[PDB]
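Q: Can you look at this? It's an experimental structure, sequence on top.
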Amino acid sequence: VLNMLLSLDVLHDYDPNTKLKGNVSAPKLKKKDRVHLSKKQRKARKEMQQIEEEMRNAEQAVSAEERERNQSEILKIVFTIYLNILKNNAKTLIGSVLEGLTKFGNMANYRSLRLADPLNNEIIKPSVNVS
RNA sequence: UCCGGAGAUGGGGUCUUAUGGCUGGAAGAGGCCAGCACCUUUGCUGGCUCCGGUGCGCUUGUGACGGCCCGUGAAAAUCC
């Protein structure tokens, strides 16, 4: 249950120019294969494209400035949970708490007894919560 | 190297007049000649100004296409 916090993407930074999945699409509709639009329709299309561009810019900026605040709040909640678990001193949760602290510590300012192995366990080799 | 049961090939028609042809303007104009007048603005007269070819040529306009980039590629006056 407590291992799901290990999968928080908001507490991860990857390489600034990571390669994503190969996506191929037509860059633009071909000029000779366009649909006829009236002058009023073409002017409306220009206007709505101008609106859409600025909406996209504003949404990008808002998402950027909200991700950091959400990251701060989630960091506070996660660290409070981890520290309260440690103060409670539960013998069956120490390894996960230490692994989470090691993973998300730099974001701040026994396998038989557990079930449902963590997501991407084939690639996420446990740094502190080893078998 | 694209089109055709989303109707090809074939047969018969409709349209835009861009651009060519003939004519009016217009030969009376302009051009090239010859001849005859005068101490002078010193101008009068008569002919011919026609028929063609050629283009990986230069300049320019235009038509149907093809490729690439891209907000379907400035706005308004104005006319229909």
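A: Good, I have the coordinates. Numbering: from 1, shown residues only, chains lettered A, B, ... in the order given.

Q: all contacts plus neighbour counts: C-alpha atoms, from now on.
A: OK.

Q: Which positions in chain A make contact with RNA strand B?
A: A:27-32, A:34-37, A:42-43, A:45-46, A:49-50 (C-alpha under 7 Å from any atom of the strand).

Q: Can you name the residue of chain A nearest to RNA strand B?
A: Using C-alpha to the nearest atom of the strand, the closest approach of chain A to RNA strand B is made by residue A:35 at 3.9 Å.

Q: In this structure residue A:98 contacts residue A:128, no?
A: Yes. With contact defined as C-alpha atoms under 8 Å, residue A:98 counts as touching residue A:128 (6.7 Å).

Q: Could you look up the SS state of residue A:28?
A: Of the three states, residue A:28 takes coil under DSSP: H, G, I helix; E, B strand; the rest coil.

Q: ok, it to residue A:86 distance?
A: Distance, residue A:28 to residue A:86, using C-alpha to C-alpha, to the nearest Å: 57 Å.

Q: Comparing these two, which residue is more hemmed in?
A: Using other C-alpha atoms under 10 Å, the more surrounded residue of residue A:28 and residue A:86 is residue A:86, with 15 against 6.

Q: Spell out which helix or strand contains that one, please.
A: Taking DSSP states H and E as the criterion, residue A:86 maps to helix A:39-88.

Q: Give me the helices and strands touching that helix, please.
A: helix A:94-104 (3 or more C-alpha pairs under 8 Å, 6 or more residues apart in numbering; DSSP states H and E).

Q: Which residues does the helix it packs on contact?
A: Here helix A:94-104 makes contact (C-alpha atoms under 8 Å, 6 or more residues apart in numbering) with A:2-3, A:5-6, A:11, A:79, A:82, A:85-86, A:126-129.

Q: Go again with 7 Å.
A: Contact with helix A:94-104 is made by A:3, A:6, A:11, A:82, A:127-129, as judged by C-alpha atoms under 7 Å, 6 or more residues apart in numbering.
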